[PDB]
Amino acid sequence: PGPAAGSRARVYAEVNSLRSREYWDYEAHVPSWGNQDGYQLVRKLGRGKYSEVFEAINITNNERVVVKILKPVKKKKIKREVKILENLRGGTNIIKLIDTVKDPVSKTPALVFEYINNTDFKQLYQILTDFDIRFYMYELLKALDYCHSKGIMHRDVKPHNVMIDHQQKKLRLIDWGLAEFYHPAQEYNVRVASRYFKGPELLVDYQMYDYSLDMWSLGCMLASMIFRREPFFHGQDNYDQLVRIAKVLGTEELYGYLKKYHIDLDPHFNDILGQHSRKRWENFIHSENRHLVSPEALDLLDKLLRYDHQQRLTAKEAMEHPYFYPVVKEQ
Ligand SMILES: O=C(O)c1ccc(-c2oc3c(Cl)cc(Cl)cc3c(=O)c2O)cc1
Ligand SMILES: [Cl-]
C-alpha cells in the first residue's frame, strides 16, 4: 500500500509552481482573434468530432498553412489549447501555432498551424525501417520531454496526432486540445486519449495521473511499429481495452497496481478480467516483423508498458536507452 495521499510525478513535478500564475491559469488568457478571411481554405484534410482541419493559403503572402476550425466547445477548453500552444511555441517537434482567427460572419474561432507534408501513418508504418522507427520515436520523445518539462501533459498521444514528413525527416506532435497543466496532487478527468492508447490508470478510473500517461501511449505506438500490429491493444470498448492489456501484461501486476494506489476496481471487471500470465514479448515476433525487433527494442518496450505509471520510463530516461544509440550517434 502506497501513500494515502496519492501519486506524484517523478520528474517535472514543480515546474508550474516555479512559474507565475499567468503561465498555467488559462482561463485568464486573452487571445488575439484575427480575421480568418486572411486565409483561403483550399481542401479538407480530415479529423473528427472536435474540429475540422483545412489546408489553406495565407492570402497576403501565399504561404501554405493549416486551419483548424474549432467545433462548438466550451470557451474554457479553447483558452486551454491556445495557452498551451503559446507556452510550447518554439518547442522541439511541437506543431507551431501561427495564428488565432475567427470567421468574420460566424465568429467561430480557428487555429492556424504550420504546414507539414505528412504521410499517413497507416502507409508510413508499412515502410519504416528499424532505424526509421528509432529515429521517429526519438524525435517524438523530444516533443514529450519538452512539453513535460513545461509542465504539460499531452494526454492524446497516438499516431493520428504525430505529423511526419518522411522525405525531410521532420516530426510534429499535434492536437493539443486535450492537453492539461500538471499540478502535484491534482485529480484529472480520465475521459482523455483514444481507447487504444489509454493508460491503465484511465481504464481503472485513477484520476491522480501525470506525464507518465503519455509514456504508456508512446509504448503502445512503439509496440505497434516494431511488431506491425496497429493498434497493439485493439479493444472494443473501455472494459475490453483493459482485458486485452491484461492478457499481455498479466493480471498479477494489475491487481498489485490496484492495491498499491488504493484503486477500487469497477465490479464489472471481476467477471471479465480473469487470470492471465505475463506474456513474453518475444511471442509477438514473426517473420514479417523480425527485422524490426531487437533486445534493446523489447527492453525499452517492457519498461514503457507497465501498469504502475510511476515505474514507467520518463521521456528523458527513454531517450537515454541503448535502443536510441544509433540515433544519438547520428547527431
Ligand atoms: O488539431 C491540431 O492541433 C492539428 C494541428 C495540425 C494539423 C495538421 O494536419 C495536417 C494533415 Cl491532417 C495533413 C497534412 Cl498533409 C498536413 C497537416 C499539417 O501540416 C498540420 O499542421 C492537424 C491538426
Ligand atoms: Cl505470470
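The numbers here are math on the coordinates, done by the rules we state, and not lab data. Cβ placement follows ideal geometry from the backbone for every residue including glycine, while neighbour counts extend to all protein chains displayed.
Here are a few things to note about the model shown:
- Gaussian network model of the chain, springs between alpha carbon atoms under 10 Å - residue of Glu288, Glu27, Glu52 with greatest fluctuation: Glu288
- Relative to the longest principal axis of the Cα atoms of the chain, helix 238-249 runs at roughly 50 degrees.
- Proportion of all alpha-carbon pairs of region 25-115 beyond 22 Å (%): 23 percent
- Gyration tensor verdict on region 229-301 (Cα atoms; rounded if a/c is under 1.5, prolate if a/b is larger than b/c, oblate otherwise): prolate
- Dipole check for the chain: with +1 at the C-beta of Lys and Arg, -1 at the C-beta of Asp and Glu, and the Cα centre as origin, the magnitude is about 520 Debye.
- The value obtained for the chain, namely the Cα convex hull volume divided by the number of residues, is 145 Å³ per residue.
- Mean-position separation - Cα centroids, region 29-87 and region 88-143, in angstrom: 14 Å
- Largest mean-square fluctuation among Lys49, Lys71, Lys316, in a Gaussian network model of the chain whose springs join Cα atoms under 10 Å apart, belongs to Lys49.
- Cut-off 15 Å between beta-carbons: net charge of the residues surrounding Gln167, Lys and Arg +1, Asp and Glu -1: -1
- Shape call, region 155-283: gyration tensor on alpha carbons, a/c limit 1.5: oblate
- C-alpha center-to-center spacing [region 199-230, region 299-331] in angstrom: 13 Å
- For the chain, the 222 nm mean residue ellipticity estimated from helices alone, with every DSSP H stretch of n ≥ 4 adding -39500 (n - 2.57) and the total spread over all residues, rounds to -9000 deg cm²/dmol.
- Top of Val105, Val11, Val157 by mean-square fluctuation, Gaussian network on the chain, Cα under 10 Å: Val105
- Phi to ³J(HN,Hα) by Karplus 6.51 cos²θ - 1.76 cosθ + 1.60 over region 216-232, Hz, x for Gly, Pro: 4, 4, 5, x, 4, 5, 4, 4, 5, 7, 6, 9, 6, 9, 10, x, 6
- Peptides 189-202, 137-150 ranked from most to least packed, by the mean per-residue count of other Cβ atoms within 10 Å: 137-150, 189-202.
- Each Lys and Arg contributes +1 and each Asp and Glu -1, all at the Cβ; summed about the Cα centre of region 198-331, the dipole is approximately 380 debye.
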